[PDB]
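What follows is a short report on a single structure.
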Amino acid sequence: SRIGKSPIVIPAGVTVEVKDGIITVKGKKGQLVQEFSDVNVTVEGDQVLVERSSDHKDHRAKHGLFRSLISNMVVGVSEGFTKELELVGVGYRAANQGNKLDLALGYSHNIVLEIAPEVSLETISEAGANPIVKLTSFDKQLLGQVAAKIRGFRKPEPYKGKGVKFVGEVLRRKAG
RNA sequence: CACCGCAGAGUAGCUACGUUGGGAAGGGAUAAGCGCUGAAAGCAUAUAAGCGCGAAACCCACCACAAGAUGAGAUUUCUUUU
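According to the deposited numbering, the first sequence is numbered sequentially starting from 2.
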């Protein structure tokens with residue numbers, strides 16, 4: 002309710018259209034579609050007004066859900082989100098061959114990932130510091146899913162700290 | 001004839017104590033559990049909408065049988081009642 006009654010004013014340069022259930026947003030970084038079912042969303046030209054009909058414990062939440070989804074899609078395709086992973090540990094290596102990441106962890110093999118063409122991929126492993134991988138995309142959901150399935154290759158241990166973690170994001174540590 | 005009288009072997013067959021093979025590989029939906037985005041509840045939250053993983057368990061998959069499956073299927077050919 003409170004988060005749904007706010008405007009979704011557009012950073013002019015990106016358009017938004019509505020269809021029979023599907024809303025599309027076209028900016029400078031590709032079209033993004035979404036499916037709404039129990040909300041009335043209307044684009045005036047500058048702001049996007051999303052409202053509900055009844056307060057039945059479900060539409061009251063779907064209102065804010067779809068408002069936040071549309072706002073994210075906009076602040077995405079307009080600008081785009083980005084995240085940073087950091088490999089910590091001895092013998093850990095990361096390399097980039099375009100849209101193809103190559104990770105060498107303490108396993109008995111390597112891991113090559115053919116990231117989808119909708120996500121950028123940069124690496125910094127300059128001299129001795131921890132290798133930092135950086136992803137950037139307009140779809141925050143897909144970006145987070147890729148970051149999660151990259152982090153899941155090696156969970157951060159609490160004793161030392163070695164593992165694929167984000168920059169910052171202090172970890173829970175123990176004594177051992 | 002005497003346990004096939006006894007004793008030494010023995011092809012075919014039947015067996016193991018012998019030989020060969022098998023429980024391999026790959027999908028779907030999941031349990032405990034692990035996450036993405038996100039409100040209700042301006043925060044937070046793996047969930048309420050929607051998504052990604054997840055076991056010798058379940059449905060395929062491997063082998064055998066199977067249209068009396070009365071819901072009695074299909075195809076090719078022959079003859080059309082001595």
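Here a beta-carbon is modelled for each residue, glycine too, at the ideal position from N, C-alpha and C.
Burial state of residue i (16 or more Cβ within 10 Å)
| i | result |
| --- | --- |
| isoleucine 23 | exposed |
| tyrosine 160 | exposed |
| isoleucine 112 | exposed |
| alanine 13 | exposed |
| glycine 5 | buried |
| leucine 102 | buried |
| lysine 166 | buried |
| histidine 110 | exposed |
Backbone secondary structure at residue i - three-state DSSP
| i | result |
| --- | --- |
| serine 138 | strand |
| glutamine 48 | coil |
| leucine 114 | strand |
| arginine 61 | helix |
| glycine 5 | coil |
| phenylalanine 167 | strand |
| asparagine 73 | helix |
| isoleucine 151 | helix |
| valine 26 | strand |
| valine 120 | coil |
| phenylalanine 82 | strand |
Check whether residue i and residue j have beta carbons under 7 Å apart
| i | j | result |
| --- | --- | --- |
| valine 78 | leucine 33 | yes |
| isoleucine 71 | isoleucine 9 | yes |
| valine 26 | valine 44 | no |
| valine 49 | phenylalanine 67 | no |
| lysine 156 | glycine 164 | yes |
| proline 132 | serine 126 | yes |
| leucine 114 | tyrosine 93 | no |
Beta bridge counterpart(s) of residue i as assigned by DSSP
| i | result |
| --- | --- |
| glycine 145 | The partner list for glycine 145 (beta bridge, DSSP) is empty, contrary to what the question assumes. |
| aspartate 103 | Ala96, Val113 |
| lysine 175 | Note: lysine 175 sits in no beta bridge, so no partner. |
Residue i Cβ short of 6 Å to the ligand ATP heavy atom set
| i | result |
| --- | --- |
| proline 159 | The ligand ATP is absent from the structure shown, which contains no ligands of any kind. |
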